[PDB]
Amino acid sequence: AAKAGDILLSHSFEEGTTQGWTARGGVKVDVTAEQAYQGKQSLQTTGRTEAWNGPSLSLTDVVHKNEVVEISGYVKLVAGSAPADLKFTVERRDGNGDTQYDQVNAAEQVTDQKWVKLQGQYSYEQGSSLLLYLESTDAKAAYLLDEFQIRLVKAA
């Protein structure tokens, strides 16, 4: 339906809602006015106990077969957290219904002192469901996300 260069999703978190982002694990995912990269608000994740926990977003309705997309956003650790590495991952059901974990970007070191840009391209060849999440190998890190975007690079 879309063409190269089109915005598929854009999240500033400047209204009341998490704009579809939801908890993965027994975590708390909500909007905060304490910190932001742009505007007044960002998306905050706390209460992580395992490394696979984080804020998550279904992409099932956003990304379709063989489309190349570009996923980006700005991240920062919650005040007090030690330096930790953050990346985006897509959990995908393949053609057979089997679970696959696809890498979007290399993990970047992030601190509680500055916002860091994360970005990578993504596509898939077979599958029925797609779930994006933001994770750290540090199982207890808490962190913020702002100015999240997905852009179509190449139509299918």
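Heads up: residue numbers just count along the shown sequence, starting at 1.
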>> Using only C-alpha atoms and the B-factors in the entry, which stretch averages higher, 32 to 40 or 126 to 134?
In response: 32 to 40
>> On mean Cα temperature factor in this entry, is 91 to 99 or 53 to 61 the higher one?
In response: 91 to 99
> Which third of the chain holds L118 when residues are ordered by C-alpha B factor: lowest, middle or highest?
Replying inline: lowest
> Once the chain's modelled residues are ordered by C-alpha B factor and cut into thirds, is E67 in the lowest, middle or highest one?
Replying inline: middle
> Looking at the C-alpha B-factor of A1, is it in the lowest, middle or highest third of its chain?
Replying inline: highest
> Based on the entry's values, in what third of the chain does the Cα temperature factor of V75 lie: lowest, middle or highest?
Replying inline: lowest
>> Lowest, middle or highest third: which one holds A155 when the chain's residues are ordered by CA B-factor from the entry?
In response: middle
